[PDB]
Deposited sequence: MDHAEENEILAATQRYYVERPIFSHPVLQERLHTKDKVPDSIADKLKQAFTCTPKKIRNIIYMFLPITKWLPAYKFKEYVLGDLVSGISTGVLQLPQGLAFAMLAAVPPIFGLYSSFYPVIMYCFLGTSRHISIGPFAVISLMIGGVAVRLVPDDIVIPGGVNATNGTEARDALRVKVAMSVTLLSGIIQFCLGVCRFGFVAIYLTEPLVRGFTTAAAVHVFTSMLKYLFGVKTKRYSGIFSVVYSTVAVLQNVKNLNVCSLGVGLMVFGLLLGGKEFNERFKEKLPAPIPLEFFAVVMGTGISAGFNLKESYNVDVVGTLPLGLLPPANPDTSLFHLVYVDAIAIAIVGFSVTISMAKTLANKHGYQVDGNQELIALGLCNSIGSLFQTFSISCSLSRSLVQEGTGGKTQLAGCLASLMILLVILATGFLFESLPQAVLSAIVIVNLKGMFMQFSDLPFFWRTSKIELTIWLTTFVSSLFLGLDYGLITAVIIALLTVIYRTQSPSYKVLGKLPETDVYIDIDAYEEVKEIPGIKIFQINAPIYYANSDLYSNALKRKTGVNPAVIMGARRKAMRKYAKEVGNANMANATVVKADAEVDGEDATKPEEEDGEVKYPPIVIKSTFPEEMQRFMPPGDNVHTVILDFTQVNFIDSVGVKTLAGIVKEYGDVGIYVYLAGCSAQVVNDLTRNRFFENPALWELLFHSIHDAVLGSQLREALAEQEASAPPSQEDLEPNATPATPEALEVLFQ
């Protein structure tokens, strides 16, 4: 083993700069940069095609023998849950359920082509459907007058058609906004969604989904709520109207709930003994529809059912732009939340499988899916969190599982929709609530983040609370801003350390940590692991004066107290010799006799005008009491900040900068040695 041997002079800033000569920057012209960016080599255009059409990349590279079984199983398990989820979220959107079935088919196919993530389940989302239903009922209220040429016994088909038109218009506008954001490179903001923020946001979204499904489980009538505290208002309304519950609907829902939970526990416990998990949502749907049809619960017990499901696909229809001015604000929120849910969950799965998802391409895919689907009577889509978990955890590898689920949905649409006409809505709510269990399991992060990092636990809890009580649109931006402000908190509460020297080395460590580190007599070394910016400068100065025990104000006060008791352009030097008489020095209270204060700037990232002013004040105040202040380890960037401000207006301050702590200590000791040599 070799050894660490260094033999060189003390490197103050002028001494080190005497060795260093400026290098010539290589020419980097912007025009040539653009010209070389517009070369258009075939590899570049192939990469562009892959970036905009990801299916052109992962589909030719499809490992059939390794992927087909997992994709098939995941697709079946995803579709059996996608059908009832589609119907339920169509009910949430104040549109007929067949439109939810449509929204479960086209967008998934288009996202298989345009999407980067290979584990998320594209489809209707409860919160997005709630926003769509809110805007649709605002524009088309229940008490609207429609001269449709019908008798007094109106079947509300015209109202449903008008609400469908409103939903398509808002979906098209949200898709256009999302596509424009994706083109404008907005997806970079996805870097601000940290893992605790994403997980708290998704858990709050799951709680929102659970709240939105309560009225259909109980069979009660409830006002639509959307906005701040919408979850609280909805829960309060449900618990208020629970006295008018439908006992038959609640019984069927709870029965499906219990069997679904039992089956899920059976699947999880016997996972190793089962070739593929049993698709339980399909069994629940079939069993609930059979019980509802056999006992005729629709009118004998007034149990709400799905209703008629027309067969066949609809031709493309141009949405009316004339409603844009009435929905644009809403179309903005749906544009954000729909992205926020999609890019969060994708990340949650991407980090689970060691790949990365392009936020810009996610925005482009979402926008194109929404805008094109609005032509096919599709309302706004997102990522279904619980269904994404089901798809990922069932062995899903690519998005071909989404295509298989869409094919099952298309089978329902084209041929077998009429079988699900008598299916109660309580069964759908029970299915959704049961499948929210995997998302509710994310509450185990609280002990985890408690043990790992309490700041990120705070981020988790703040995101959860803000996205729960406020909306997922205002709550998300609140959480993002607070998570960013956690960095400000970190800089505002740094580790102020007083350093001591490990003997016979150049290693300087916190004096109160190891106890072989010994403080150098007459020298104080103070270290902050933070920048010295404006929100930090005063705290840094106070901590420097407190921890080191060298307060210039206290020193001046003691000198004046002894003065009271004993009685019975061309610049001046920075450090003023203490002209205190020895007879009056007999009145000094005993002290550490510190002649130099070393400020460790190795971990100081930057310093602004306020920090520079504080530093200059510190230097001047310590020089007024005859104490030298040295800066050790100032980076070239921090030196540039000190130079851009007028810190080095006096060139003498240049000799206060040293390369390292050991350089500063040696320079101070040499300064003292020369001073005592010249003294006598």
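- No C-alpha positions are given for the deposited-sequence stretches 1-12, 581-613, 726-750.
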